[PDB]
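Have a look at the structure below before the remarks.
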4 protein chains.
Amino acid sequence: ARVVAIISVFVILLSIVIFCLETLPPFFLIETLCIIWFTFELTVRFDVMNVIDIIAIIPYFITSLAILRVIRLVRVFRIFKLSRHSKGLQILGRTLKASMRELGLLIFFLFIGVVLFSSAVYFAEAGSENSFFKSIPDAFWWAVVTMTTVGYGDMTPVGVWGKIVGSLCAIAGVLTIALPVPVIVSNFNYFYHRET
Amino acid sequence: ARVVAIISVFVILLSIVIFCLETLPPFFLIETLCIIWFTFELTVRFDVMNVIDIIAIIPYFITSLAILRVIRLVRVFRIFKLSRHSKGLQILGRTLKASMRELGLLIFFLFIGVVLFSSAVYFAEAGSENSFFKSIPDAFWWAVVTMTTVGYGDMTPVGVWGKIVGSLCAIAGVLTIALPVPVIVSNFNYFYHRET
Amino acid sequence: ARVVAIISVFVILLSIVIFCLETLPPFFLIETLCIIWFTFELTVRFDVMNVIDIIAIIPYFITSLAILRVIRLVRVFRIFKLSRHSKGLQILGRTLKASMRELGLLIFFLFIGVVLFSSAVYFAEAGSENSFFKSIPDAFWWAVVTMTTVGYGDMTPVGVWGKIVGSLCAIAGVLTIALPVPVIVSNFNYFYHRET
Amino acid sequence: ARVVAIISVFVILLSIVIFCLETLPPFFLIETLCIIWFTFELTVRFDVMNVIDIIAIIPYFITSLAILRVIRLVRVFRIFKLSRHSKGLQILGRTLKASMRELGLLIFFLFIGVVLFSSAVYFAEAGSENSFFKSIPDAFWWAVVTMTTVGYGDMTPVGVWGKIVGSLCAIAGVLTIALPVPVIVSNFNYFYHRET
Ligand SMILES: [K+]
Ligand SMILES: [K+]
């Protein structure tokens with residue numbers, strides 16, 4: 001039984017590897033053997049895990065450019081089949097389910113902050129002949145990187161008022177992200193301790 | 001009653017969307033219908049929420065370039081009308097009110113650190129023919145991004161002493177920002193738990 | 001008595017402002033009045049605060065290029081005279097005194113991580129004709145920004161092994177900085193609660 | 001006895017310094033005296049510390065380009081001999097041993113997030129003539145810097161969908177890194193308090 005789980009983990013990792021290397025600038029045969037093993041384990045088994053197992057085989061069987069791009073993207077959900085064997089990943093999923101409202105609150109706070117600071121920086125920088133931000137939508141990426149402290153990169157053309165707005169954005173993002181996490185973290189600690 | 005709240009949330013989101021897309025490189029009619037609904041709900045209702053409702057209509061009725069830029073900026077405060085319907089945003093406002101002194105302490109610590117490290121980096125880098133920072137005021141943005149860990153970008157022209165100052169600035173900003181947050185976070189957790 | 005404290009805070013802020021604007025691309029008279037008030041309060045008073053008061057006047061009275069640069073840099077310690085009037089800054093100083101060993105531990109951990117990852121990235125990137133890092137000392141700044149999550153900037157010339165080293169450096173810096181802070185933070189919370 | 005420990009710490013620091021300066025664009029004699037002292041203390045002593053002492057001398061005695069690069073890299077493990085004299089570093093090692101499973105969980109979460117977001121950004125950006133990411137493997141560095149909030153640098157060529165993926169990556173990395181650390185931190189606090 002444990003050998004079968006080892007084989008399944010090996011197949012999952014091999015599928016992930018082959019997907020990454022086929023995206024590099026044969027592979028189809030290995031993918032076919034992976035999908036045969038996936039459907040064999042699906043049939044033997046026959047929940048969120050079952051749904052993930054269903055999704056891991058659909059893009060293989062299905063095969064507009066947008067539809068092809070979408071199916072290739074959803075093909076990556078093989079990585080979530082590790083939840084059957086990994087116990088920490090199950091804990092993470094349980095924690096996300098038990099802190100979905102807090103996740104929504106985080107997304108709402110980020111949305112409010114990003115729209116506010118994007119409008120602020122766009123209007124503060126619109127008083128120059130050469131404008132760094134063409135529009136408020138053009139500044140959402142800047143606002144999200146400043147609030148997440150990821151960093152925009154080159155901020156030289158931005159003027160003094162834009163820099164003040166950016167400093168406020170950095171501080172506010174730090175605060176508004178530090179607020180709702182020590183609830184998701186507490187749920188994760190609870191679930192992780194309960195499991196082990 | 002709940003349908004009216006749904007309509008109000010839809011109108012608020014539509015106003016936000018139309019404001020963002022009119023800043024892109026019709027809209028006035030939709031904004032007029034939004035402001036009519038806003039004033040209708042204001043009159044039916046007739047606190048911080050009431051003040052926010054007042055501010056959401058003033059820029060429409062009002063209409064120097066600076067004054068126009070300022071009124072367009074304050075027009076973004078429609079997003080804060082969501083506090084009536086959202087409960088987490090009310091919790092955030094209550095937490096900010098109950099941790100205003102800690103917010104002030106954070107701003108004071110950031111100000112002290114930024115002035116200190118800006119002076120340090122400016123003087124450490126003034127001993128070269130090509131100076132990366134023209135003045136101490138020119139380095140406040142660098143100090144704020146280094147202390148917030150947002151990141152300045154390209155730091156190549158800065159010399160060895162400037163790099164030492166930047167390393168000290170990064171460490172000190174990490175410390176001085178991690179200090180006063182686990183008080184605002186505690187207030188937010190208290191208020192959020194009390195509400196739910 | 002409170003009016004005198006208000007005057008002292010105003011003079012301190014005015015000195016800070018005039019120092020920043022004289023570093024911009026008259027001022028001496030205002031600085032002279034500030035130093036006269038500083039020495040008047042020093043004489044009336046006549047501890048770390050007293051030492052800070054002593055340092056705030058020495059650079060004025062003193063006036064190699066290095067010595068001049070050093071005295072101008074130490075002239076910035078006027079900002080620390082706010083400790084007499086501010087209570088949070090006193091708490092910060094007390095917390096630093098009571099968590100000096102933890103500060104030293106943080107500096108030691110950062111030093112170990114920076115030397116390790118600088119050596120790693122330098123050796124991983126030395127196998128190319130165009131080397132991004134000339135030496136291990138040349139990579140300390142990269143290591144400190146990666147470990148503090150400030151960000152180096154452009155990392156394109158760095159090869160695959162260098163990128164693996166950088167990913168390890170980022171993770172290790174996150175961990176090694178998150179470790180010794182929840183002790184300094186606890187000391188700050190203790191002192192801040194005790195004061196108020 | 002304490003003088004011998006002081007001498008050992010001085011020799012360790014001198015070896016680290018000489019290694020860094022010989023990597024700059026004599027040294028061998030100082031390194032020889034360092035290795036003689038290292039083997040003298042190893043013989044007098046004659047555990048992880050003993051293994052570290054063994055590794056600190058092997059590269060000196062040993063002397064393909066890859067093998068030479070590897071031995072020079074493993075030569076840096078002199079810095080870990082400070083564990084005998086430093087007590088905080090021993091605490092760090094004990095904490096890592098007692099939170100190895102949590103470290104593995106962090107690496108697993110980072111791996112899942114990085115593969116997911118690298119695939120997402122590669123597919124979102126493949127619909128343009130000029131593609132910012134050639135392949136999914138080419139985007140792992142971007143995913144790791146975005147998830148660690150280190151920052152990639154210049155993100156201008158990336159399109160709107162890529163920017164949405166990057167925002168999701170930043171938020172998810174913040175969450176997935178904040179989750180498993182308040183366990184390693186707790187172990188470190190426990191061990192540090194127990195030692196002192
Ligand atoms: K950053
Ligand atoms: K950061």
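All residue names refer to the structure tokens as shown: chains lettered A, B, ... in order, residues numbered from 1 in each chain, ligands numbered from 1 in order.
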### Query
Near residue 180 (chain C), counting only C-alpha atoms, which residues have an atom at most 9 Å away, once you skip same-chain residues fewer than 2 positions from it, shown as a PyMOL selection string?
(chain C and resi 102-103+105-106+176-178+182-184) or (chain D and resi 185+188-189)
Please build the interface table for chain D against ligand 2 with a cut-off of 8 Å, listing for each qualifying residue the nearest atom pair and the distance in Å to one decimal; count only C-alpha atoms and all ligand atoms, order rows by chain and increasing number, and write it as a Markdown table.
| residue | atom | partner | partner_atom_place_in_ligand_line | distance |
| --- | --- | --- | --- | --- |
| D:148 | CA | ligand 2 | 1 (K) | 7.1 |
| D:149 | CA | ligand 2 | 1 (K) | 4.3 |
| D:150 | CA | ligand 2 | 1 (K) | 5.0 |
| D:151 | CA | ligand 2 | 1 (K) | 7.1 |
Write the selection just made, keeping C-alpha atoms, as a PDB file, in the first residue's frame?
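Output below, filename result07.pdb:
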ATOM      1  CA  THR D 148       9.341  36.552  -0.832  1.00  0.00           C
ATOM      2  CA  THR D 149       8.548  40.243  -1.561  1.00  0.00           C
ATOM      3  CA  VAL D 150      12.188  40.701  -2.583  1.00  0.00           C
ATOM      4  CA  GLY D 151      11.079  42.126  -5.928  1.00  0.00           C
TER       5      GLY D 151
END
Need to verify the contact set: region 9-20 of chain C, 9 Å, only C-alpha atoms, exclusion of same-chain residues closer than 3 positions in sequence. Can you return it as a compact mmCIF listing (two decimals) with N, CA and C atoms, in the first residue's frame?
# COMPACT_ATOMS: atom_id res chain seq x y z
N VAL B 115 14.93 60.55 8.54
CA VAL B 115 15.81 61.72 8.57
C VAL B 115 17.23 61.29 8.91
N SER B 119 20.26 61.60 6.11
CA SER B 119 21.47 62.38 6.37
C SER B 119 22.71 61.51 6.27
N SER B 135 20.85 66.00 -2.16
CA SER B 135 20.62 66.63 -0.87
C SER B 135 20.00 65.61 0.08
N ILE B 136 19.94 65.99 1.36
CA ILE B 136 19.22 65.17 2.33
C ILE B 136 17.75 65.02 1.97
N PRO B 137 17.02 66.07 1.57
CA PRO B 137 15.63 65.85 1.11
C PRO B 137 15.53 64.89 -0.06
N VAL C 4 7.38 76.26 27.78
CA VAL C 4 8.80 76.11 27.52
C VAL C 4 9.08 74.82 26.76
N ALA C 5 8.40 73.74 27.13
CA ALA C 5 8.54 72.48 26.39
C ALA C 5 8.06 72.62 24.95
N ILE C 6 6.95 73.33 24.73
CA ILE C 6 6.49 73.60 23.37
C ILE C 6 7.54 74.38 22.59
N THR C 23 21.23 71.58 3.45
CA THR C 23 21.84 70.58 2.59
C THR C 23 21.28 70.60 1.17
N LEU C 24 20.24 71.39 0.91
CA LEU C 24 19.70 71.53 -0.43
C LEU C 24 20.67 72.30 -1.33
N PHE C 27 20.37 80.76 6.95
CA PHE C 27 20.38 79.47 7.64
C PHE C 27 21.30 79.51 8.85
N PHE C 28 22.47 80.15 8.71
CA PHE C 28 23.42 80.21 9.82
C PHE C 28 22.86 81.00 10.99
N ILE C 30 19.66 81.31 11.89
CA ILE C 30 18.68 80.46 12.55
C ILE C 30 19.37 79.36 13.34
N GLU C 31 20.43 78.78 12.77
CA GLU C 31 21.17 77.75 13.50
C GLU C 31 21.83 78.33 14.74
N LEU C 33 20.69 80.88 16.57
CA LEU C 33 19.64 81.03 17.58
C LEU C 33 19.24 79.68 18.17
N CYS C 34 19.22 78.64 17.34
CA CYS C 34 18.91 77.30 17.86
C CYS C 34 19.97 76.84 18.85
N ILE C 35 21.25 77.08 18.54
CA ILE C 35 22.31 76.60 19.42
C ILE C 35 22.35 77.43 20.69
N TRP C 37 19.64 78.67 22.15
CA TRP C 37 18.58 78.10 22.98
C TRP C 37 18.98 76.74 23.55
N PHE C 38 19.69 75.94 22.76
CA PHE C 38 20.13 74.63 23.23
C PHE C 38 21.08 74.77 24.41
N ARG C 75 26.22 66.03 13.61
CA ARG C 75 25.32 67.16 13.84
C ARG C 75 23.85 66.76 13.76
N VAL C 76 23.52 65.61 13.17
CA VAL C 76 22.12 65.23 12.98
C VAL C 76 21.49 64.77 14.28
N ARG C 78 20.61 66.13 16.76
CA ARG C 78 19.59 67.00 17.32
C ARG C 78 18.25 66.29 17.41
N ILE C 79 17.98 65.38 16.46
CA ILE C 79 16.69 64.69 16.40
C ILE C 79 16.46 63.86 17.65
N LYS C 81 17.16 64.77 20.68
CA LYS C 81 16.74 65.60 21.80
C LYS C 81 15.24 65.54 22.03
N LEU C 82 14.48 65.04 21.05
CA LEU C 82 13.04 64.86 21.22
C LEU C 82 12.71 63.83 22.30
N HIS C 85 10.91 65.18 25.46
CA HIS C 85 9.50 65.51 25.35
C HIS C 85 8.65 64.32 24.92
May I have all residues of chain A that DSSP, computed from the backbone, assigns to helix (DSSP H, G or I), given as a PDB file with C-alpha atoms, in the first residue's frame?
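Contents of part_16.pdb, freshly written:
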ATOM      1  CA  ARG A   2       2.806   2.403   0.892  1.00  0.00           C
ATOM      2  CA  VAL A   3       4.656   1.413  -2.286  1.00  0.00           C
ATOM      3  CA  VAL A   4       1.603   2.452  -4.306  1.00  0.00           C
ATOM      4  CA  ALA A   5       1.610   5.852  -2.584  1.00  0.00           C
ATOM      5  CA  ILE A   6       5.329   6.214  -3.355  1.00  0.00           C
ATOM      6  CA  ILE A   7       4.610   5.385  -7.006  1.00  0.00           C
ATOM      7  CA  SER A   8       1.779   7.927  -7.088  1.00  0.00           C
ATOM      8  CA  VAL A   9       4.003  10.664  -5.646  1.00  0.00           C
ATOM      9  CA  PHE A  10       6.715   9.791  -8.174  1.00  0.00           C
ATOM     10  CA  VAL A  11       4.216   9.978 -11.047  1.00  0.00           C
ATOM     11  CA  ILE A  12       2.873  13.328  -9.817  1.00  0.00           C
ATOM     12  CA  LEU A  13       6.382  14.781  -9.594  1.00  0.00           C
ATOM     13  CA  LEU A  14       7.302  13.350 -13.002  1.00  0.00           C
ATOM     14  CA  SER A  15       4.206  14.927 -14.556  1.00  0.00           C
ATOM     15  CA  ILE A  16       5.091  18.292 -13.001  1.00  0.00           C
ATOM     16  CA  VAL A  17       8.667  18.022 -14.288  1.00  0.00           C
ATOM     17  CA  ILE A  18       7.626  16.995 -17.795  1.00  0.00           C
ATOM     18  CA  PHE A  19       5.101  19.855 -17.933  1.00  0.00           C
ATOM     19  CA  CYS A  20       7.795  22.354 -16.998  1.00  0.00           C
ATOM     20  CA  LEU A  21      10.325  20.978 -19.470  1.00  0.00           C
ATOM     21  CA  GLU A  22       7.832  20.789 -22.337  1.00  0.00           C
ATOM     22  CA  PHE A  27       7.262  14.290 -23.497  1.00  0.00           C
ATOM     23  CA  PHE A  28       3.862  13.240 -24.857  1.00  0.00           C
ATOM     24  CA  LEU A  29       4.559   9.549 -24.196  1.00  0.00           C
ATOM     25  CA  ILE A  30       5.505  10.251 -20.571  1.00  0.00           C
ATOM     26  CA  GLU A  31       2.420  12.441 -20.179  1.00  0.00           C
ATOM     27  CA  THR A  32       0.287   9.635 -21.609  1.00  0.00           C
ATOM     28  CA  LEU A  33       1.669   7.146 -19.083  1.00  0.00           C
ATOM     29  CA  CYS A  34       1.056   9.695 -16.317  1.00  0.00           C
ATOM     30  CA  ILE A  35      -2.560  10.202 -17.382  1.00  0.00           C
ATOM     31  CA  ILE A  36      -3.105   6.440 -17.642  1.00  0.00           C
ATOM     32  CA  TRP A  37      -1.858   6.031 -14.073  1.00  0.00           C
ATOM     33  CA  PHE A  38      -4.014   8.968 -12.955  1.00  0.00           C
ATOM     34  CA  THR A  39      -7.156   7.474 -14.481  1.00  0.00           C
ATOM     35  CA  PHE A  40      -6.280   4.030 -13.125  1.00  0.00           C
ATOM     36  CA  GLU A  41      -6.087   5.415  -9.596  1.00  0.00           C
ATOM     37  CA  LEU A  42      -9.257   7.432 -10.203  1.00  0.00           C
ATOM     38  CA  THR A  43     -11.145   4.307 -11.291  1.00  0.00           C
ATOM     39  CA  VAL A  44      -9.770   2.265  -8.379  1.00  0.00           C
ATOM     40  CA  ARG A  45     -10.844   4.975  -5.929  1.00  0.00           C
ATOM     41  CA  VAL A  48     -12.333  18.292  -3.011  1.00  0.00           C
ATOM     42  CA  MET A  49      -9.581  15.715  -3.568  1.00  0.00           C
ATOM     43  CA  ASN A  50     -11.751  13.713  -5.976  1.00  0.00           C
ATOM     44  CA  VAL A  51     -12.559  16.904  -7.891  1.00  0.00           C
ATOM     45  CA  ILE A  52      -8.836  17.701  -8.127  1.00  0.00           C
ATOM     46  CA  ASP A  53      -8.269  14.179  -9.451  1.00  0.00           C
ATOM     47  CA  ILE A  54     -10.972  14.811 -12.066  1.00  0.00           C
ATOM     48  CA  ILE A  55      -9.369  18.086 -13.182  1.00  0.00           C
ATOM     49  CA  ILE A  58      -9.571  16.636 -18.323  1.00  0.00           C
ATOM     50  CA  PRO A  59      -7.012  18.729 -20.302  1.00  0.00           C
ATOM     51  CA  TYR A  60      -5.392  15.560 -21.657  1.00  0.00           C
ATOM     52  CA  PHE A  61      -8.699  14.201 -22.956  1.00  0.00           C
ATOM     53  CA  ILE A  62      -9.918  17.528 -24.368  1.00  0.00           C
ATOM     54  CA  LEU A  65      -6.324  30.236 -28.863  1.00  0.00           C
ATOM     55  CA  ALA A  66      -7.726  31.557 -25.576  1.00  0.00           C
ATOM     56  CA  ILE A  67      -9.412  28.219 -24.843  1.00  0.00           C
ATOM     57  CA  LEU A  68      -6.170  26.337 -25.513  1.00  0.00           C
ATOM     58  CA  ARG A  69      -4.258  28.719 -23.244  1.00  0.00           C
ATOM     59  CA  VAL A  70      -6.877  28.267 -20.516  1.00  0.00           C
ATOM     60  CA  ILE A  71      -6.815  24.466 -20.699  1.00  0.00           C
ATOM     61  CA  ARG A  72      -3.014  24.417 -20.621  1.00  0.00           C
ATOM     62  CA  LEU A  73      -3.150  26.670 -17.555  1.00  0.00           C
ATOM     63  CA  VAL A  74      -5.694  24.472 -15.756  1.00  0.00           C
ATOM     64  CA  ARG A  75      -3.461  21.511 -16.605  1.00  0.00           C
ATOM     65  CA  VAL A  76      -1.113  22.688 -13.817  1.00  0.00           C
ATOM     66  CA  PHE A  77      -3.564  21.459 -11.139  1.00  0.00           C
ATOM     67  CA  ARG A  78      -1.704  18.157 -11.067  1.00  0.00           C
ATOM     68  CA  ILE A  79       0.368  19.741  -8.281  1.00  0.00           C
ATOM     69  CA  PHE A  80      -2.715  19.729  -6.038  1.00  0.00           C
ATOM     70  CA  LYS A  81      -2.968  15.930  -6.215  1.00  0.00           C
ATOM     71  CA  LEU A  82      -0.154  15.897  -3.640  1.00  0.00           C
ATOM     72  CA  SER A  83      -2.821  16.705  -1.030  1.00  0.00           C
ATOM     73  CA  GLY A  88       0.645  19.733   5.655  1.00  0.00           C
ATOM     74  CA  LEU A  89      -1.062  20.620   2.378  1.00  0.00           C
ATOM     75  CA  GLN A  90      -4.324  19.179   3.719  1.00  0.00           C
ATOM     76  CA  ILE A  91      -3.836  21.367   6.797  1.00  0.00           C
ATOM     77  CA  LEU A  92      -3.313  24.381   4.529  1.00  0.00           C
ATOM     78  CA  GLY A  93      -6.523  23.630   2.634  1.00  0.00           C
ATOM     79  CA  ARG A  94      -8.460  23.183   5.873  1.00  0.00           C
ATOM     80  CA  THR A  95      -7.052  26.466   7.195  1.00  0.00           C
ATOM     81  CA  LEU A  96      -8.035  28.288   4.005  1.00  0.00           C
ATOM     82  CA  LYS A  97     -11.556  26.879   4.285  1.00  0.00           C
ATOM     83  CA  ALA A  98     -11.762  27.910   7.937  1.00  0.00           C
ATOM     84  CA  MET A 100     -12.084  32.194   3.942  1.00  0.00           C
ATOM     85  CA  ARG A 101     -13.855  35.204   5.450  1.00  0.00           C
ATOM     86  CA  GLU A 102     -10.505  36.572   6.643  1.00  0.00           C
ATOM     87  CA  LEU A 103      -9.042  35.955   3.179  1.00  0.00           C
ATOM     88  CA  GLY A 104     -11.934  37.935   1.721  1.00  0.00           C
ATOM     89  CA  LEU A 105     -11.310  40.709   4.238  1.00  0.00           C
ATOM     90  CA  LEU A 106      -7.651  40.816   3.179  1.00  0.00           C
ATOM     91  CA  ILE A 107      -8.623  41.037  -0.492  1.00  0.00           C
ATOM     92  CA  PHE A 108     -11.154  43.784   0.287  1.00  0.00           C
ATOM     93  CA  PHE A 109      -8.611  45.805   2.273  1.00  0.00           C
ATOM     94  CA  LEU A 110      -6.045  45.415  -0.510  1.00  0.00           C
ATOM     95  CA  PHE A 111      -8.626  46.508  -3.090  1.00  0.00           C
ATOM     96  CA  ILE A 112      -9.583  49.625  -1.119  1.00  0.00           C
ATOM     97  CA  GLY A 113      -5.958  50.561  -0.495  1.00  0.00           C
ATOM     98  CA  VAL A 114      -4.935  49.941  -4.094  1.00  0.00           C
ATOM     99  CA  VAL A 115      -7.744  52.025  -5.577  1.00  0.00           C
ATOM    100  CA  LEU A 116      -7.159  54.853  -3.092  1.00  0.00           C
ATOM    101  CA  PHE A 117      -3.395  55.031  -3.572  1.00  0.00           C
ATOM    102  CA  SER A 118      -3.607  54.531  -7.347  1.00  0.00           C
ATOM    103  CA  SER A 119      -5.967  57.499  -7.608  1.00  0.00           C
ATOM    104  CA  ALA A 120      -3.734  59.507  -5.267  1.00  0.00           C
ATOM    105  CA  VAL A 121      -0.518  58.833  -7.189  1.00  0.00           C
ATOM    106  CA  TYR A 122      -2.173  59.362 -10.583  1.00  0.00           C
ATOM    107  CA  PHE A 123      -3.571  62.752  -9.576  1.00  0.00           C
ATOM    108  CA  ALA A 124      -0.369  63.797  -7.790  1.00  0.00           C
ATOM    109  CA  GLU A 125       1.665  63.001 -10.925  1.00  0.00           C
ATOM    110  CA  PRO A 137      -5.876  51.644 -13.884  1.00  0.00           C
ATOM    111  CA  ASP A 138      -2.251  52.003 -14.978  1.00  0.00           C
ATOM    112  CA  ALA A 139      -1.223  52.474 -11.324  1.00  0.00           C
ATOM    113  CA  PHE A 140      -2.848  49.395  -9.751  1.00  0.00           C
ATOM    114  CA  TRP A 141       0.315  47.343 -10.288  1.00  0.00           C
ATOM    115  CA  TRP A 142       2.420  50.053  -8.642  1.00  0.00           C
ATOM    116  CA  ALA A 143      -0.022  50.209  -5.736  1.00  0.00           C
ATOM    117  CA  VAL A 144      -0.012  46.429  -5.263  1.00  0.00           C
ATOM    118  CA  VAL A 145       3.782  46.173  -5.297  1.00  0.00           C
ATOM    119  CA  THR A 146       4.143  49.145  -2.939  1.00  0.00           C
ATOM    120  CA  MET A 147       1.525  47.764  -0.527  1.00  0.00           C
ATOM    121  CA  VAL A 160       7.723  64.806  -4.799  1.00  0.00           C
ATOM    122  CA  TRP A 161       3.960  64.492  -4.256  1.00  0.00           C
ATOM    123  CA  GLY A 162       3.999  61.084  -5.922  1.00  0.00           C
ATOM    124  CA  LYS A 163       6.811  60.067  -3.575  1.00  0.00           C
ATOM    125  CA  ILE A 164       4.783  61.194  -0.548  1.00  0.00           C
ATOM    126  CA  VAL A 165       1.836  59.166  -1.848  1.00  0.00           C
ATOM    127  CA  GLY A 166       4.137  56.178  -2.315  1.00  0.00           C
ATOM    128  CA  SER A 167       5.477  56.443   1.233  1.00  0.00           C
ATOM    129  CA  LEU A 168       1.922  56.569   2.574  1.00  0.00           C
ATOM    130  CA  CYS A 169       1.047  53.604   0.347  1.00  0.00           C
ATOM    131  CA  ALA A 170       3.972  51.558   1.680  1.00  0.00           C
ATOM    132  CA  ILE A 171       3.083  52.254   5.317  1.00  0.00           C
ATOM    133  CA  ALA A 172      -0.630  51.621   4.773  1.00  0.00           C
ATOM    134  CA  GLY A 173       0.020  48.376   2.905  1.00  0.00           C
ATOM    135  CA  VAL A 174       2.307  47.132   5.672  1.00  0.00           C
ATOM    136  CA  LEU A 175      -0.376  47.905   8.258  1.00  0.00           C
ATOM    137  CA  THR A 176      -3.359  46.595   6.278  1.00  0.00           C
ATOM    138  CA  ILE A 177      -1.580  43.333   5.463  1.00  0.00           C
ATOM    139  CA  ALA A 178      -0.279  42.778   8.998  1.00  0.00           C
ATOM    140  CA  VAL A 181      -3.032  37.522   8.930  1.00  0.00           C
ATOM    141  CA  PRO A 182      -2.709  36.718  12.690  1.00  0.00           C
ATOM    142  CA  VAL A 183      -6.068  34.941  12.337  1.00  0.00           C
ATOM    143  CA  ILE A 184      -5.220  32.744   9.372  1.00  0.00           C
ATOM    144  CA  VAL A 185      -1.920  31.974  11.098  1.00  0.00           C
ATOM    145  CA  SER A 186      -3.796  31.041  14.279  1.00  0.00           C
ATOM    146  CA  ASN A 187      -6.128  28.750  12.320  1.00  0.00           C
ATOM    147  CA  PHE A 188      -3.136  27.111  10.637  1.00  0.00           C
ATOM    148  CA  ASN A 189      -1.407  26.590  13.988  1.00  0.00           C
ATOM    149  CA  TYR A 190      -4.595  25.097  15.442  1.00  0.00           C
ATOM    150  CA  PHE A 191      -5.093  22.679  12.549  1.00  0.00           C
ATOM    151  CA  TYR A 192      -1.401  21.737  12.364  1.00  0.00           C
ATOM    152  CA  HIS A 193      -1.239  21.038  16.107  1.00  0.00           C
ATOM    153  CA  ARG A 194      -4.490  19.051  15.989  1.00  0.00           C
ATOM    154  CA  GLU A 195      -3.194  16.894  13.132  1.00  0.00           C
TER     155      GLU A 195
END
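Interatomic distance, CA of residue 57 (chain C) to CA of residue 132 (chain B): 29.2 Å.
Closest to chain A among C:152, C:99, C:179, C:159 is C:152, based on only C-alpha atoms.
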### Query
How many Å lie between CA of residue 153 (chain B) and CA of residue 129 (chain D), rounded to one decimal?
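Computing the Euclidean distance for CA of residue 153 (chain B) and CA of residue 129 (chain D) yields 27.4 Å.
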### Task
Kindly give the distance, in Å, that separates CA of residue 130 (chain C) and CA of residue 156 (chain B), rounded to a single decimal.
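About the pair CA of residue 130 (chain C) and CA of residue 156 (chain B): they are 16.8 Å apart.
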